[PDB]
Amino acid sequence: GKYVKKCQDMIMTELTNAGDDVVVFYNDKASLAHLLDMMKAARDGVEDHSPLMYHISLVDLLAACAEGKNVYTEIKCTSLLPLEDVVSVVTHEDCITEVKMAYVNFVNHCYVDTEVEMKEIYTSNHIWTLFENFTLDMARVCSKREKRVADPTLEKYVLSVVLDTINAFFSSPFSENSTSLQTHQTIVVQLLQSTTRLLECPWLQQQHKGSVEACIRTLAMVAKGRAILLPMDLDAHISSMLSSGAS
Amino acid sequence: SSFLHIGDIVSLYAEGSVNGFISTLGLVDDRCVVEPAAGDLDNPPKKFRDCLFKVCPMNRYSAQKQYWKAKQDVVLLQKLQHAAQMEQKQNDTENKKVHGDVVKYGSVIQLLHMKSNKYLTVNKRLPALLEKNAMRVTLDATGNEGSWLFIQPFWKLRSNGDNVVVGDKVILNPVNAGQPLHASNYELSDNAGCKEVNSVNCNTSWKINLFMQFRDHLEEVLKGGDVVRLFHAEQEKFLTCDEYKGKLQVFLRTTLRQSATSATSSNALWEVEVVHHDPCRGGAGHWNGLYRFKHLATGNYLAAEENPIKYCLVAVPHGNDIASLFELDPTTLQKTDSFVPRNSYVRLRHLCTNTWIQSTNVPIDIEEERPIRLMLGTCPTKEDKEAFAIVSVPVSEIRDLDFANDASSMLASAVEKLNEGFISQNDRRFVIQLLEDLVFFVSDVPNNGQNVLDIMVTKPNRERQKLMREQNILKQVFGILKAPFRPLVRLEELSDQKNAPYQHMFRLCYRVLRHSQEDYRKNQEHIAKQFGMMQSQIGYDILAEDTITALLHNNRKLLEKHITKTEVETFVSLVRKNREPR
Ligand SMILES: O=P(O)(O)O[C@@H]1[C@H](O)[C@H](O)[C@@H](OP(=O)(O)O)[C@H](OP(=O)(O)O)[C@H]1O
C-alpha cells in the first residue's frame, strides 16, 4: 500500500525512450478505426491475449505510474495521451467496460488529480462530455436494474472509477474556480439526480453506500451556489440525505 | 510604478467571470459583493468610497480567541480580558513599528474597510448564504484568524519572496479556508446587479490599484478623500450646500449664535479630491496640484458658473469638467511643493476661467425674511481678505452622516413603495427593521432586547437630532405615516389583525418622532408643523397621544398656539370611550 516514486520515474522514462514498440496508442484516425473495429468484434468479451488486453494493461500501467501526486511522470503521461482522444474513444456510441474503466482511471490519475495546475482540463468541454457519459451509464444501470437483469462489469465501472473521478473533479483545490460551471448547470444537476437514483437502489453495499453518500455530499457542497437551485422533486430526497449526513 | 508597502490603501478589482470592484451593502450589513454595472477601471463608480481597502500586517488573535471561547471563573475571565487587552496593545505596537515595510509575495496581509473599519475574514465553520458549496466571507469589527490572507502571484513572471508592484493581479488565499476568493456570479435577490463574493477554488484574480501611499497617508497633511470644513474669517460664516427651493445651491450661511465655531452642520461638510494621472489614484495634495471640492452628503462638487460679479459658485453633479477644478493659494509662506498641512489658511482660485473667489453680502434667499444664504461670487483681481480656514472633522460625524444618508435612501424607497398601493411582506419587514435601527440610533441606547416601544433615553444627543432634521429623515417618517392612509390601510381598520404589522410600523415611526424632539426647540417646531396630521391619528392605538402631549407640554408656546377647545373635546371624548387613567 505504498508508492515507489523512483520505480515510477524509471518506468516512465524507459517507456518513453523505448519508442512506439512498447507503448501503442490508437490516437490516429486509422488506428482509432481499427480499435473501434476490434472492440466491436469483442462484444462478447475481451480475450486473454488479444491486443485489446495489451492496450488496456498499458493504459492501466501508465495510470498507476502517474499516481502518487507527482510531477515528473504525470506531465509525460498527459503528453502521451491528450483529452481529445480520451473523449473520442470513451464517448463513442460503441464501447466496452474495460476500455472505459482504463481511460477513466487514466484521466483521474493523470488529469484530475494532477499535482501541478493544468489549464486545458478545467477550461474545456471534454470532461463535461465525460460527465454526460457518466450520467448515461448511471441511467443504463438504473434501467437494467429495472428489468432485474444487469451486467456486473458496468455496475463496477459506475461504482469504482466513476464515483472516484466525480469526487476528484469536484473536490480538487484547482477546480474551485471552474469558469464553465454556470453554463453547465443542467449536466451537474443531472449527475446529482443520477447519483440519487443510484443511492435509491437496495442492492448497494455498505461500503458502496458510504462511497455514494460521500460523492453526493461533495456534489451538493460544490452545488451550493452556482446561480442554481435544487429542484423540489429532486430536493425531496436530498433533504433526507442531508439529514442523514448531519446525524 | 512603485512597490507595495504595509499600510497603503488600494482598490481591489475582480478579474474573471465577473469584473468589478468589491463593495459593501448599506446599513451595518457586512456582506461584500461586486457590481459590474456600477463602474470599471476606466470609469470608477460614483460611490467609490466603498471600494477602498487598507493593507495591514499579521495580527495575533490567540489571546482574543481564547477569551472569546471562554466567554461563550470571574477571576479567570478578568485575567483573560487583561491578556486580550495586552495582546491588542502589542498588535497595535507591532503595526506601528512595521508600518511602511515593503510587501513581499507569499506574505500574510489583511484587508481593512476604511469606510466600515471592519477587517475582511473568511468563516470556516459556516457556508455562504447563496452558494452552499462555497464558503462565507464577511466583515468583522474585531477580526479573527480569518483576516490572515496569503498573497500569491497571478502570472508566471513573479515568484515567492518578490516585491509586489502596483497594477498587478494577485491571488488571496485565506490561511484557514485555503481557497482563493471567488466573485460568484450568483446575483443577490435583495439588491439587483450585486454579485456575492465567497471562498472557493477558481481562477479569479484581484487586480491591485494603488490609491493612497503610507508615506502620503500622514494625517498631519491634507490628503484626497478627507472631509473638512471651510470657514470664512471676515464673514465669520460657514460655506454650505442645500436645496433651497428644490434646487441645490451653495451659500455662506449666516449664524445668529454667539460662537461661530459652534455653527457646524453636517450639510456643511466638504471633502478634498486630488487630481492625478491615474483616475483611481488620490495620493496627497501638493501646493502645486489641482484640487476639487465635493459635498459629503449631496455628492455634488463645487464650481463657478456664469452669474446672471461675473461668476457665481454653485454645485455640479459630476467632476468630469474643468469647472470643478480649483487651486489653493497659500496665505503665508509654504515649504516649496510640500504637502498641504491640515488646518491652514488658503484662498480658493478657479483656474477654469482664471477668476478669484470672493465673498459678498448679497443674500441668495432674499425671498424669506432675515435671509441666511449669502452669495459667493468671483472677482477678476485677487483679494487677501478672502481666505478660508480648514477645520478637521471626527470620524463619528462621517459615520453618522453616511448612516443617515443610507437610511434616508431606504425610507424614500419605502415611501415610494407605499404610495404605489402595494408593498411586499419582505419589504414591510425591511422597513420595520430600518425603523427599529433608527429608533435605536435616536435613543443612543445599545440594543439589548428591551422593548423599543418603551425605550428610555437619559440624555438626548443634540448632534444626532440635528442630523435627522437637516437630512429630512423626519420628513421621510412623516411621509411613511401619511402614505398608507392618504387605500393601503385605514385608521378604523387598524384594529383588524391583518394590519397589525402596519400598526407596529406606525408605532415605530411615532417613537422616532418623539425621540427626535426631546429638549430641542427646532425639532419640536419642525414636528409641530404637522400638528394637523398628527392629530388626525389621535385616539387610535398608535401612541400619537403621548408624543403630542410630550411635544406640546415641553414648550409653552406650542401648547398655547395648538391646544384649543377641539383638542380638549377630543381628549374628553376618548377618555369617556376608554375610561382609562392615562
Ligand atoms: O439656543 P436656542 O434657543 O436653541 O437657539 C439656537 C440658535 O439661537 C438658533 O436658533 C439656531 O441656530 P441657527 O440660527 O444657526 O440655525 C439653533 O439651532 P441649530 O442647532 O439647528 O443651528 C438654536 O438651537
# chains A, B, ... in the order shown; residues from 1 in each chain; ligands from 1
$ residues_around --residues "residue 311 of chain B" --least-positions-apart "5" --cutoff "10 Å" --atoms "only C-alpha atoms" --output "MDAnalysis selection string"
chainID B and resid 303:306 350 353 355:357 376:380
$ closest_atom_pairs --of "chain A" --to "chain B" --cutoff "7 Å" --atoms "only C-alpha atoms" --output "Markdown table"
| residue | atom | partner | partner_atom | distance |
| --- | --- | --- | --- | --- |
| A:173 | CA | B:201 | CA | 5.4 |
| A:174 | CA | B:201 | CA | 5.7 |
| A:175 | CA | B:201 | CA | 5.6 |
| A:176 | CA | B:201 | CA | 2.6 |
| A:177 | CA | B:202 | CA | 1.6 |
| A:178 | CA | B:202 | CA | 5.3 |
| A:179 | CA | B:17 | CA | 6.6 |
| A:220 | CA | B:133 | CA | 6.5 |
| A:221 | CA | B:133 | CA | 3.5 |
| A:222 | CA | B:133 | CA | 4.1 |
| A:223 | CA | B:133 | CA | 5.4 |
| A:224 | CA | B:132 | CA | 3.2 |
| A:225 | CA | B:131 | CA | 2.6 |
| A:226 | CA | B:131 | CA | 6.0 |
| A:227 | CA | B:186 | CA | 4.5 |
$ residues_near_ligand --ligand "ligand 1" --cutoff "9 Å" --atoms "only C-alpha atoms and all ligand atoms" --output "PyMOL selection string"
chain B and resi 253-258+260+262-265+372+462-463+466+469-470+519-523
$ select_by_dssp --residues "segment 151-185 of chain A" --states "helix (DSSP H, G or I)" --output "JSON, numbers by chain"
{"A": [152, 153, 154, 155, 156, 157, 158, 159, 160, 161, 162, 163, 164, 165, 166, 167, 168, 169, 173, 174, 175, 185]}
$ residues_around --residues "residue 252 of chain B" --least-positions-apart "4" --cutoff "6 Å" --atoms "only C-alpha atoms" --output "mmCIF file with C-alpha atoms, in the first residue's frame"
data_model
loop_
_atom_site.group_PDB
_atom_site.id
_atom_site.type_symbol
_atom_site.label_atom_id
_atom_site.label_comp_id
_atom_site.auth_asym_id
_atom_site.auth_seq_id
_atom_site.Cartn_x
_atom_site.Cartn_y
_atom_site.Cartn_z
ATOM 1 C CA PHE B 238 -19.522 78.607 7.061
ATOM 2 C CA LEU B 239 -19.942 77.530 3.446
ATOM 3 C CA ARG B 373 -27.874 82.204 2.485
ATOM 4 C CA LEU B 374 -25.205 84.560 1.122
#
$ residues_around --residues "segment 112-114 of chain B" --least-positions-apart "6" --cutoff "8 Å" --atoms "only C-alpha atoms" --output "VMD selection string"
chain B and resid 50 52 to 56 120
$ residues_around --residues "segment 159-167 of chain A" --least-positions-apart "6" --cutoff "7 Å" --atoms "only C-alpha atoms" --output "MDAnalysis selection string"
chainID A and resid 101 104:105 108 134 215 218
$ residues_around --residues "residue 119 of chain B" --least-positions-apart "6" --cutoff "8 Å" --atoms "only C-alpha atoms" --output "list in words"
residues 110, 111, 112, 113, 139, 140, 141, 142, 143 and 147 of chain B
